[PDB]
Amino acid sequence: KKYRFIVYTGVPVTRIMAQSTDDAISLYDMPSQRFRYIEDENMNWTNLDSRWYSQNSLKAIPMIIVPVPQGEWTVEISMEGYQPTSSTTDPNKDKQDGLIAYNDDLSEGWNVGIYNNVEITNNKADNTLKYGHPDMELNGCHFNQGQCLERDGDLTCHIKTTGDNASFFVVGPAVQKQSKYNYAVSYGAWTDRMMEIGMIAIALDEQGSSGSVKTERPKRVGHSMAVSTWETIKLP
């Protein structure tokens, strides 16, 4: 009779290696990601498993594994994709030194799939992008080969668990490794950077019936028209 309502919010990050704006970047294995878990107005931190869904020498797709308690759920997710790169060395430790851009393939974007013991139905995955002006230059590099500064997602789906240890995964747009997407400031030596993946907010509303209201965020402006799909992503 009383329906559960669970929220996860987090800003996943990962470590990269970058030399010059003319060089491809390398990627560390993804770390576990600190998310805030909220249910019944008790609040705690949790680490969500994350890894590369796929990786090759051109790109890697990030994935985050989200546990689902047994039940039937309406799942609502917002994702604000932006990859600023930042130094790890003083006195410039937390200062943004550039970004890694996305491509403009909205079919390779924010979506969900089955990780364990869930069925995902009635999906609607929306994806948008933000381009750069043809004269804009960041660290000596232009944005005229499809490079996008931001890739946003808005997703709603229906998730039914089929046992214990149930989870779905969220994939993001690909982390591009080729040099045309690398706008991290150039150094003469390979230099580690921290790279944000984006802001992710997840709500699990049991049978869409908890009635729970919360504060919200607006959709970013300047973004393209959305490409939408009902398809989900298959586990590789």
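Start at 1 with the first residue shown and count on from there.
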Should the higher mean CA B-factor in the entry be assigned to 81-89 or to 106-114?
81-89
Output the stretch having the higher mean C-alpha B factor in the entry; the candidates are 207-215 and 45-53.
207-215
Out of 167, 182, 70, 32, which shows the largest CA B-factor listed in the entry?
32
Comparing residue 26 with the other modelled residues of its chain, is its CA B-factor in the lowest, middle or highest third?
middle
Could you look up the Cα B-factor of residue 141 in the entry and say which third of the chain it sits in: lowest, middle or highest?
highest
Entry-reported Cα temperature factor of residue 66, expressed as the chain third it lands in:
lowest
Ordered by C-alpha B-factor within the chain, which third holds residue 230? Give me lowest, middle or highest, please.
lowest
Modelled-residue ranking by C-alpha temperature factor, third containing residue 200:
lowest
